[PDB]
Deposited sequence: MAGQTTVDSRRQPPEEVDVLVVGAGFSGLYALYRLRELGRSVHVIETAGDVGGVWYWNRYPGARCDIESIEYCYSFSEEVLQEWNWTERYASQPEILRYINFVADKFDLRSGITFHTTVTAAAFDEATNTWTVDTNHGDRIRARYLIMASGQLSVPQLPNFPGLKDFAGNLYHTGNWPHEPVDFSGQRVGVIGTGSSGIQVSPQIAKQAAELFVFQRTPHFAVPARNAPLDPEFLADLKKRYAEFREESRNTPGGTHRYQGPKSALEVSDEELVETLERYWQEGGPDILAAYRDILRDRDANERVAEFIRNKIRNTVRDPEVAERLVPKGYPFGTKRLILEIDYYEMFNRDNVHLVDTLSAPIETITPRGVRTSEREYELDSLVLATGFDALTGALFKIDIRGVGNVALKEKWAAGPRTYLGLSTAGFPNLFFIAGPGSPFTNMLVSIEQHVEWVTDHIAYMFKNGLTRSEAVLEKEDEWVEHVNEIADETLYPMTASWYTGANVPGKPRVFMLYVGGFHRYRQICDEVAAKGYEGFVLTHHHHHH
């Protein structure tokens, strides 16, 4: 185990995409920097989430680093949407190339962080009893990094094999001949289930809220196409950085409501056949007008009923009541087709809720299911989850958990008043988008600022209370013009993610920096 140093200019928490780039860039800026990571190796979500079928919902050519021209040119994606093992190889490739592991302490969990106003330094403690003093602390601790604690009664009494998708075994699990249950029909459950169906004697899928999901239409990435792209990657990447989604995606000019029924079909069928999440932009108002939303939502509801041959199964799979695409659109590869199989059973817990786990399996209010294995695809804590497991204390020894008790309040999503020299990467108040575009922007902003602090001899950077309030207000106002607040997931009041688009978000941050970091108080 690599032991962390006693002092460093910057301490990073987390060794996924975000923390690795921060480590990379601070080295390039001539700053001392070190990374603390719980996991045994690099990767973050792509180290932990090793379940069969784990796959990205952003195209390979967009979900990737761009800071290295060498990496863009030497690496070769294989599919439209990269599988978890490929991406982890990608990340491992970059870590080897840039010798990043020499600045990471693995197997170690930051447990406390307290700011010393007298030394303008953070004292950072871990479960191994390390104590690290760093001028700045970067939290690259993720948004989907803490598996939600499934709190079913009787869970400990389950006789069989228990698995969670967010912490899958590092050796492949053979489900052949078994009765297997999957609890959760979000992205992880929609991804892992069709893999397990290929092996299990019987699969039971326990669904509570049904969610929208459209075909991935995954495919091999044509080498020639890729070799053409590599000749223009930097320009292609700048194009992505000038979109709302941080990805190439057609912006439909037509309102969903000003079109004939037959056109709406033909147009949506194009997207349904082409696959991917781009259908979200099919018409300009899908996320701004409920009637428009519904019109698009009914098209997809009918695609479900037309895929599932049992009308009773099909309609339990149809999402109703909540707007389409207000929750990040799931892509599915043969998930709906899966229920046409003899060995697959959809279990509607809204109809009959889970009363307890038993030695033998799962007991709903109406019957008991005997299972050899139980797979929990039950999601993660709120994006505040990883930070909230750390005892973070700022000015006046106030805890971060107390300050974010009624929602995570920040300035720009990067810092919060009363906690100086503390930055959050791809965290609350930041933009929802292609996380690699957003991570790169965030890491460059944060480390640029740290470089500015050192160049000018300043040692304390702190967001101004009033600007933080102003930002929460602004984030709330943008979202309110949207269907997003209609989905409770965006609160933990503080609407959690900026929905004004990556491009508008980058422009805001750039102008803050060009104006001497307006809204931060910088002192020595």
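- Gaps between the deposited sequence and the modelled structure occur at positions 1 to 9, 502 to 509, 542 to 546.
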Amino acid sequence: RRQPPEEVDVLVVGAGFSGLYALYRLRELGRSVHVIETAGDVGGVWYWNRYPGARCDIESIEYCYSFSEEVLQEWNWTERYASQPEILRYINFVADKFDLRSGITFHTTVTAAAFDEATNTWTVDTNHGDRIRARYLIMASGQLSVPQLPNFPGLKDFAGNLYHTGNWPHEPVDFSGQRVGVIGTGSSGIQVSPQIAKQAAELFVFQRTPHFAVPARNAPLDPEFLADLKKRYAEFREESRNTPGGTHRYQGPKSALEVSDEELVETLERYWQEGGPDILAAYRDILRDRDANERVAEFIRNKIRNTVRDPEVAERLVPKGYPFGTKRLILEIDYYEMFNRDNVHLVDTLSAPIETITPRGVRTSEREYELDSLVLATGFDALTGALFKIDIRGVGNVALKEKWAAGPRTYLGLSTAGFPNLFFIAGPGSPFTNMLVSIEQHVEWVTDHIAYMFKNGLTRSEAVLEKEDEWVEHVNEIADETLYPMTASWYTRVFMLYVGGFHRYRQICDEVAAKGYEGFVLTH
From here on, numbers count along this sequence of modelled residues.
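- Legend: mean Cα B-factor per stretch from the PDB entry, 308 to 316 versus 355 to 363; the higher mean is in 308 to 316.
- Across the two stretches, 83 to 91 and 113 to 121, the PDB entry reports the greater mean Cα temperature factor for 113 to 121.
- Highest CA B-factor among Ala54, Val45, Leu29, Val499, as stated in the entry: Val499.
- Out of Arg270, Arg208, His442, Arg101, it is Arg270 whose C-alpha atom has the highest B-factor in the PDB entry.
- Sort the chain's modelled residues by C-alpha temperature factor and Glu70 lands in the middle third, per the entry.
- In the PDB entry, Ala201 places in the lowest third of its chain by CA B-factor.
- Ranked by C-alpha B-factor against the other modelled residues of its chain, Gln191 falls in the lowest third.
- For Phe324, the recorded CA B-factor ranks within the highest third of the chain. Only modelled residues enter the ranking.
- Annotation for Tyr163: CA B-factor lies in the lowest third of the chain's modelled residues.
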